[PDB]
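Worksheet: one structure, shown below.
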Amino acid sequence: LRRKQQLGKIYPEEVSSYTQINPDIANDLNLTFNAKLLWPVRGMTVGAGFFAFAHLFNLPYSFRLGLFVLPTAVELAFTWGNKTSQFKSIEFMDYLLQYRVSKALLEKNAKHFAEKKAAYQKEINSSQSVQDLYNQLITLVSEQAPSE
Amino acid sequence: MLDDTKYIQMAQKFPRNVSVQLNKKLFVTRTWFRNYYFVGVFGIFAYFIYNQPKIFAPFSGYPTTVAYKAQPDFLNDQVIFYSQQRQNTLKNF
Ligand SMILES: CCCCCCCCCCCCCCCCCC(=O)OC[C@H](COP(=O)(O)OCCN)OC(=O)CCCCCCCCCCCCCCCCC
């Protein structure tokens, strides 16, 4: 609750962004927050399959209604709860908060860096970050540069 | 002492070649009723026992978690992330 309050609201773009490290982020973020109503579609499909089986083999309707409920019950039991999804949601929300803070810093100083950015794009043809390039440069200096 | 004479005789002298064919359909019907009353009745109790601790004691099932720090990248409009492994522990009692 505390982390979600700080974030406020989550948009699908950020979820798809974090999909890189957790492909099941949507499947986990649905089981933590009351976003949308979840129907046990897999359970209902298995129930319909059992219904077709019973219809073929002429079972009483009580049996097929019970065999429709049962897979649905299993799906619901395996869906709800699942507090591990809450841990994964916490991790995603931490990532999202850091990303949003950095994005706000980007927007705040965008005008200040316009000129430097224009100068930089014309000299470096790489899109890699400045931090990574500078760490690589520091390692290159530490290795090849003569101590003298 | 109980007069088990006839039962003793039955135990001592029993046929050793008599057998009865079993209707496969009825055997299967009874066994699947047994499975119905196991999965759908005792399954509830078994799943409760297995899962309820995992609902009321979740922290012991996820030992390690990850934390992130972010920095801007103005000249490329990117965001740089540094990760860190932590022991998933209680917080803000
Ligand atoms: C990832 C890959 C996974 C693959 C999974 C594969 C699963 C395969 C499951 C196969 C199930 C076969 C079931 C066959 C049932 C046969 C029943 C039978 O022969 O008896 C018929 C009988 C008819 O009833 P009656 O009232 O006498 O009517 C007369 C009609 N002539 O009927 C009765 O009297 C009632 C019979 C009740 C049957 C209950 C069935 C319960 C099945 C529980 C399955 C649980 C599986 C859990 C899997 C978890 C996975 C996470």
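Letters for chains follow the order of the structure tokens (A, B, ...), residue numbers begin at 1 for each chain, and ligand numbers begin at 1 in the order shown.
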
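Using only C-alpha atoms, we find that the part of chain A lying within 6 Å of chain B comprises residues 95, 98, 102, 106 and 117 of chain A.
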
Save the residues we just selected, C-alpha atoms, as a short mmCIF file (atom, residue, chain, number, x, y, z; two decimals), in the first residue's frame?
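Writing done, so here's part-v2.cif:
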data_model
loop_
_atom_site.label_atom_id
_atom_site.label_comp_id
_atom_site.auth_asym_id
_atom_site.auth_seq_id
_atom_site.Cartn_x
_atom_site.Cartn_y
_atom_site.Cartn_z
CA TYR A 95 11.72 -0.15 -10.34
CA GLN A 98 13.11 4.91 -9.69
CA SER A 102 14.77 9.70 -13.28
CA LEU A 106 15.16 14.27 -17.43
CA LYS A 117 22.88 17.50 -26.50
#

Within 8 Å of ligand 1, which residues show up when you count only C-alpha atoms and all ligand atoms? List them as a ChimeraX atom specification, please. /A:57-60,63,67 /B:25-26,28-30,32-33,35-36,39-40

Please save N, CA and C atoms of the selected residues as a CSV table (one decimal), in the first residue's frame.
chain,number,residue,atom,x,y,z
A,57,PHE,N,-21.0,-39.5,-22.9
A,57,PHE,CA,-21.2,-40.7,-22.2
A,57,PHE,C,-22.4,-40.7,-21.4
A,58,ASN,N,-23.3,-39.7,-21.5
A,58,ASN,CA,-24.6,-39.7,-21.0
A,58,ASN,C,-24.6,-39.8,-19.5
A,59,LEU,N,-23.9,-39.0,-18.8
A,59,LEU,CA,-23.9,-38.9,-17.4
A,59,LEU,C,-25.0,-38.0,-16.9
A,60,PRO,N,-25.5,-38.2,-15.6
A,60,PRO,CA,-26.5,-37.3,-15.1
A,60,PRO,C,-26.0,-35.9,-15.1
A,63,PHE,N,-23.7,-34.7,-12.2
A,63,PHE,CA,-22.3,-35.0,-12.3
A,63,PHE,C,-21.5,-34.0,-13.1
A,67,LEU,N,-18.6,-31.5,-12.1
A,67,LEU,CA,-17.3,-31.5,-12.8
A,67,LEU,C,-17.0,-30.2,-13.5
B,25,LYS,N,-16.3,-52.2,-16.3
B,25,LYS,CA,-17.1,-50.9,-16.2
B,25,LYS,C,-17.4,-50.6,-14.8
B,26,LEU,N,-17.9,-51.6,-14.0
B,26,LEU,CA,-18.4,-51.3,-12.6
B,26,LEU,C,-17.2,-51.0,-11.7
B,28,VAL,N,-14.4,-49.7,-12.7
B,28,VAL,CA,-14.0,-48.3,-13.0
B,28,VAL,C,-14.9,-47.3,-12.4
B,29,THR,N,-16.2,-47.6,-12.5
B,29,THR,CA,-17.2,-46.6,-11.9
B,29,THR,C,-17.0,-46.4,-10.4
B,30,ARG,N,-16.8,-47.5,-9.7
B,30,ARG,CA,-16.6,-47.3,-8.2
B,30,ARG,C,-15.2,-46.6,-8.0
B,32,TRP,N,-13.7,-44.4,-9.8
B,32,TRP,CA,-13.8,-43.0,-10.1
B,32,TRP,C,-14.7,-42.3,-9.2
B,33,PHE,N,-15.7,-42.9,-8.6
B,33,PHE,CA,-16.4,-42.3,-7.5
B,33,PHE,C,-15.4,-42.0,-6.3
B,35,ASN,N,-12.2,-41.5,-6.6
B,35,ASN,CA,-11.4,-40.4,-7.0
B,35,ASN,C,-12.2,-39.1,-6.9
B,36,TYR,N,-13.5,-39.1,-7.2
B,36,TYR,CA,-14.3,-37.9,-7.1
B,36,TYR,C,-14.4,-37.4,-5.7
B,39,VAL,N,-10.5,-36.1,-4.7
B,39,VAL,CA,-10.0,-34.8,-5.3
B,39,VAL,C,-10.9,-33.7,-4.9
B,40,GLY,N,-12.2,-33.9,-4.9
B,40,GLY,CA,-13.1,-32.8,-4.7
B,40,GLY,C,-13.6,-32.6,-3.3

Would you mind reading off the distance between CA of residue 109 (chain A) and CA of residue 3 (chain A), one decimal, in Å?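 Between CA of residue 109 (chain A) and CA of residue 3 (chain A) the gap works out to 26.0 Å.
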
Let's see if you can do this: from backbone DSSP, list all helix (DSSP H, G or I) residues in region 2-148 of chain A, as a PyMOL selection string. chain A and resi 2-7+12-18+25-29+41-57+61-79+84-108+114-121+130-144

Please provide as an MDAnalysis selection string all residues within 8 Å of residue 97 (chain A), with the sequence filter that same-chain residues fewer than 4 positions apart are discarded (counting only C-alpha atoms). chainID A and resid 6:7 93 101

To one decimal place, how far is CA of residue 25 (chain A) from CA of residue 12 (chain A) in Å? 10.6 Å

Quick one: everything within 9 Å of residue 63 (chain B), counting only C-alpha atoms, minus sequence neighbours fewer than 5 positions away in the same chain. Send it as a ChimeraX atom specification. /B:86-89

I need the chosen residues saved as a CSV table (one decimal), in the first residue's frame, with N, CA and C atoms.
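Saved file selection_30.csv follows:
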chain,number,residue,atom,x,y,z
B,86,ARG,N,19.0,-8.3,-2.1
B,86,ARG,CA,18.7,-8.1,-0.7
B,86,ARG,C,18.0,-9.3,-0.1
B,87,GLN,N,18.1,-9.5,1.2
B,87,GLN,CA,17.4,-10.5,1.9
B,87,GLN,C,16.0,-10.0,2.2
B,88,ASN,N,15.0,-10.6,1.6
B,88,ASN,CA,13.6,-10.2,1.8
B,88,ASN,C,13.3,-10.2,3.3
B,89,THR,N,13.1,-9.1,3.9
B,89,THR,CA,12.9,-9.0,5.3
B,89,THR,C,11.7,-8.1,5.7
